[PDB]
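Colleague: How does the following fold in three dimensions:
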Amino acid sequence: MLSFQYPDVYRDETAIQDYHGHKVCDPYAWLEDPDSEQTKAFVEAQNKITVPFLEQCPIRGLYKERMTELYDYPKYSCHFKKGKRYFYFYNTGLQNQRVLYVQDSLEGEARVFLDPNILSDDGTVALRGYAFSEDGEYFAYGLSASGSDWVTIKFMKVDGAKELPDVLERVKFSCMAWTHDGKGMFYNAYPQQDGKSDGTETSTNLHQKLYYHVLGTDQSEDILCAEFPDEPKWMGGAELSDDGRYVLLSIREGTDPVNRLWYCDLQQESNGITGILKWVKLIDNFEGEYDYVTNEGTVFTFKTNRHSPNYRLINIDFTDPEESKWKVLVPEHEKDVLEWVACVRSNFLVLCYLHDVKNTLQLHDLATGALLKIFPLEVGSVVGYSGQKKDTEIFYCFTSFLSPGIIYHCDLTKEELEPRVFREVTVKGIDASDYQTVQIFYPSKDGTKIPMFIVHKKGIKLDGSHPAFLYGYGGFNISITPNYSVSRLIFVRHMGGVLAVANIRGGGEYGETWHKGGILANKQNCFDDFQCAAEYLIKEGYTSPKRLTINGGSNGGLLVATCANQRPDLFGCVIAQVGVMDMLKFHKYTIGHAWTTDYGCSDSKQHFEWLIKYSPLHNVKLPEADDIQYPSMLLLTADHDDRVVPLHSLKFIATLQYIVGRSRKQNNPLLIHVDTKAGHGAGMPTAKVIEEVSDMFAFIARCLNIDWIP
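Modeller: Numbers count the residues shown, from 1 in each chain. Structure data below:
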């Protein structure tokens, strides 16, 4: 099958570094420089063999055509109200970027408010964050080009959609919060730096500061409200309390769900916002998370995980702040995770729980925390919501594996609450009743039961003859819940596949204990969990090693890459998207330093000892048995992925091709595709999403020689 030759790639055998007495050779360290002619030549040479391989079989064109047809359905986001107007995002079907619409009432004719599509020919300029003024008459929005995390904030006057001259630069991982007087907005920015700041650089991001921009002035005039010079990794995001009296500063260091919480009573400022605010350090440590829900005077309601891994709601009175005085408004549940909470119609709280990886939604009284109403939902996820304190209605968006979703509306001014379907779209060509979703719990190596969703055509025989697509992430307290994916359904319907999603440790499915179960010294638990999911699908007859494909992105890319090294005999195909592969150097680039709370850091001897055992880049090794080779592998990255710098994938593929690719027994391809004008994934235009999925499934089809089922 392989009719190409791997590119010549220079090995710097002098690249030797000592890690606490452990010598580590990094022959491809030169790939860390994205700007060199050597690195640009490497990328060119790799894409030169990968592209023809993906485009050879006509199955890619069949898949692309079906994806283009089926993905072409109306996509609406949850309606939300700001001031006297309603807004919602909508994509007719195949627009590169969804468009923001506005209407003066729910029965009023909607009009285009902000269309990102006209900002570029290829839809590579996308919205990244936005914030309306308290009165809804002004609007700030961030724009990212080519997938970069970097943002340029722009402003508009809502009435007439008038462009304002205000432009903020050097914005990244930023909050956006307007003061209620309508004078200006808080945001974050990074100091100027040598070299580029467009997403192709690898420069570490430190010393993020909190600024305040007065509308109608130049950015050079902005006020510095908070900075942490002695703590370069600290990031402080601002938000205004519901009553506009307080600025709440949430300081984070790392990716754990914890934050310091400082506040500033704006009325106590000597003469408005003129510099460093009079911060009161309410919670001045990183021992727990405090997520503002609402306040009534000095009594602040926060969602926290402080001695509550499944989360709960507490009320902290600023006038009697000692922890022993906090009141538990909604106690922690023994197993279900309280995902998020919103306050609406003054005294209602909307609580969203995760019960065995499925969402539930309910309304509670703010004064007592008592349950008042349960909003009925099918098995799936709540992916959208609107309803702030002053609002008298809520909208909530639902989705699942088999149907696009439903947007629900509920008028909260009614004595008897009657939620109703506001919008519902079904994809013609994908009959949901032909498939089923089942949830099973399988034991991992240590006996822990791990949840796994399996989606397949009804009536299939569990004889191991079906190709399977197993997905996982496992980390950063992220819960992998049901979502609608046309691309995966095409695999099921047109490639006769079985979809599986394993809720492995590291995730947030069972709270902070689930998270802690897949980090630091116990990161191996993630890999073991995932390998056991594969073993389950195989044993129970859903698939077989030669027919199994595993996929994951970012931390999930690390997941699948490590699994390929540890159990090459268990997988037929592996697709690793934008993955962290060099676990010894990840902290040196862009925002990589933030991930040490999940992974550890090689600077530490103890941590190095954990990292070196699973780091994809440092564990590529020819399988011992003659009849075992590495699975077919496809790494996908982009040149503007400044979240997980592409060097991770570049170094990894060079290593796989040299150590494994050159071996005579290796006949499965080990390829990389580096895209242009794209990044980690957020904001990717529809055109690119379609090309990516077509590539992924064409690769699977060719490597496993699967026939297309019309």
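Colleague: Just list whatever residues bridge to residue 296.
Modeller: In this entry, residue 296 is beta-bridged to residue 299, by DSSP bridges.
Colleague: Show me how this structure divides into domains.
Modeller: Listed by curated CATH domains, the domain ranges of the chain are 1-73+427-710, 74-426.
Colleague: Of those domains, which stretch is the most buried?
Modeller: domain 1-73+427-710 (a mean of 19; mean count of other C-beta atoms under 10 Å). For the C-beta atoms, the positions are set from N, CA and C on the backbone; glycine is no exception.
Colleague: Can you give me the first-to-last residue distance of that one?
Modeller: End-to-end distance of domain 1-73+427-710 (C-alpha to C-alpha, to the nearest Å): 25 Å.
Colleague: cool, and stretch 74-89?
Modeller: Using C-alpha to C-alpha, one end of stretch 74-89 lies 11 Å from the other.
Colleague: Please enumerate the strands of the stretch 1-150 of the chain.
Modeller: Here the stretch 1-150 of the chain has its strands, by DSSP state E, counting those that start in this stretch, at 16-19, 22-25, 75-76, 80-82, 85-91, 99-103, 111-114, 125-132, 138-145.
Colleague: what does the stretch 601-710 of the chain give?
Modeller: Counting by DSSP E, counting those that start in this stretch, the strands of the stretch 601-710 of the chain are 632-638, 670-675.
Colleague: Same question for the stretch 151-300 of the chain.
Modeller: 151-157, 162-171, 176-178, 184-189, 209-214, 223-226, 235-240, 246-252, 260-265, 280-283, 290-296, 299-304.
Colleague: helices or strands up against the second one?
Modeller: Taking 3 or more C-beta pairs under 8 Å, 6 or more residues apart in numbering; DSSP states H and E as the contact definition, the neighbouring helices and strands of strand 162-171 are strand 151-157, strand 184-189.
Colleague: Residue 396 is in contact with residue 381, correct?
Modeller: No - checked against C-beta atoms under 8 Å, the pair residue 381 and residue 396 is beyond contact range at 10.9 Å.
Colleague: thinking again about what came up before, let me know which of the strands of the stretch 151-300 of the chain is the nearest to residue 196.
Modeller: Minimum separation from residue 196 across the strands of the stretch 151-300 of the chain (C-beta to C-beta) falls at strand 162-171, 12.6 Å.
Colleague: Residues contacting that closest one, please?
Modeller: Under the criterion C-beta atoms under 8 Å, 6 or more residues apart in numbering, residues 142, 150-157, 187-192, 197, 213, 215-217, 219, 222 lie in contact with strand 162-171.
Colleague: before we move on, the earlier item: nearest to residue 339, of the strands of the stretch 601-710 of the chain?
Modeller: strand 632-638 (29.4 Å).
Colleague: For the closest one, which strands pair with it and how are they oriented?
Modeller: Assessed with DSSP bridges, strand 632-638 is paired to strand 573-577 (parallel), strand 670-675 (parallel).
Colleague: Could you pull up the contacting residues of residue 121?
Modeller: Residues near residue 121 by C-beta under 8 Å, 6+ apart: none.
Colleague: okay, the strands of the stretch 601-710 of the chain in TSV with distance to residue 457 next?
Modeller: Formatted as TSV, the strands of the stretch 601-710 of the chain follow (distance: least, C-beta to C-beta, whole Å):
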stretch	distance to residue 457
strand 632-638	25
strand 670-675	30
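Colleague: Those: which one's closest to residue 48?
Modeller: Of all these, strand 670-675 comes closest under C-beta to C-beta, at 10.9 Å.
Colleague: Show residues contacting that closest one.
Modeller: Contacts with strand 670-675, where a contact means C-beta under 8 Å, 6+ apart, come from 6, 43, 46-47, 49-51, 53-54, 630, 632-639, 646, 649-650, 653, 656-657, 660-661, 688, 692, 695, 699.
Colleague: Just the ones in helices from those residues, please.
Modeller: Members of the contacts of strand 670-675 lying in helices (criterion: DSSP state H): 43, 46-47, 49-51, 53-54, 649-650, 653, 688, 692, 695, 699.
Colleague: quick one on the thing from earlier: take the helices and strands packed on strand 162-171 and lay them out in CSV including distance to residue 567.
Modeller: Converted to CSV, the helices and strands packed on strand 162-171 look like this (distance: least, C-beta to C-beta, whole Å):
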stretch, distance to residue 567
strand 151-157, 40
strand 184-189, 42
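Colleague: Between those strands, which one is closest to residue 84.
Modeller: Per C-beta to C-beta, nearest to residue 84 of those: strand 151-157, 14.2 Å.
Colleague: Next, the angle strand 125-132 makes with that closest one.
Modeller: With axes from the mean of the first three to the mean of the last three C-alpha atoms, to 10 degrees applied, the angle from strand 151-157 to strand 125-132 works out at 60 degrees.
Colleague: Could you tell me the angle between strand 151-157 and strand 184-189?
Modeller: 170 degrees.
Colleague: in the stretch 351-500 of the chain, which spans are helices?
Modeller: According to DSSP state H, counting those that start in this stretch, the stretch 351-500 of the chain carries its helices in the segments 486-494.
Colleague: in it, which spans are strands?
Modeller: Going by DSSP E, counting those that start in this stretch, the stretch 351-500 of the chain shows strands at 358-365, 371-375, 381-386, 393-399, 406-411, 420-424, 435-443, 449-457, 468-471, 498-502.
Colleague: For the last one, give me every contacting residue.
Modeller: In other words, strand 498-502. By C-beta under 8 Å, 6+ apart, strand 498-502 touches 401, 450-456, 460, 466-472, 480, 488-489, 491-492, 529-530, 533, 537, 542-543.
Colleague: and if you look at the shortest one?
Modeller: Residues from elsewhere that reach strand 468-471 (C-beta under 8 Å, 6+ apart): 480, 488, 491, 497-502, 530, 533-534, 537, 542-543, 547-552, 556, 700.
Colleague: Now do the contacts for the residue nearest to residue 443 when sequence neighbours are not counted.
Modeller: Nearest residue to residue 443 in three dimensions, chain neighbours excluded: residue 449, at 5.7 Å (C-beta to C-beta, 6 or more residues apart in numbering). The neighbours of residue 449, taking C-beta under 8 Å, 6+ apart as the test, are 441-443.
Colleague: and what of residue 20?
Modeller: By C-beta under 8 Å, 6+ apart, residue 20 lies in contact with 605, 608.
Colleague: for it, phi and psi?
Modeller: Main-chain dihedrals, residue 20, degrees, to the nearest 10: phi 50, psi 40.
Colleague: Compute the distance between it and residue 538, please.
Modeller: For residue 20, the distance to residue 538 equals 39 Å [C-beta to C-beta, to the nearest Å].
Colleague: again with residue 180
Modeller: Distance, residue 180 to residue 538, by C-beta to C-beta: 58 Å.
Colleague: go on, residue 103?
Modeller: Residue 103 is 52 Å from residue 538, by C-beta to C-beta.
Colleague: re the thing from before, tell me which of the strands of the stretch 351-500 of the chain lies nearest to residue 324.
Modeller: Of all these, strand 358-365 comes closest under C-beta to C-beta, at 24.4 Å.
Colleague: Does the closest one pack against any helices or strands, and if so which?
Modeller: Using 3+ C-beta pairs under 8 Å, 6+ apart: strand 358-365 touches strand 348-355, strand 371-375, strand 381-386.
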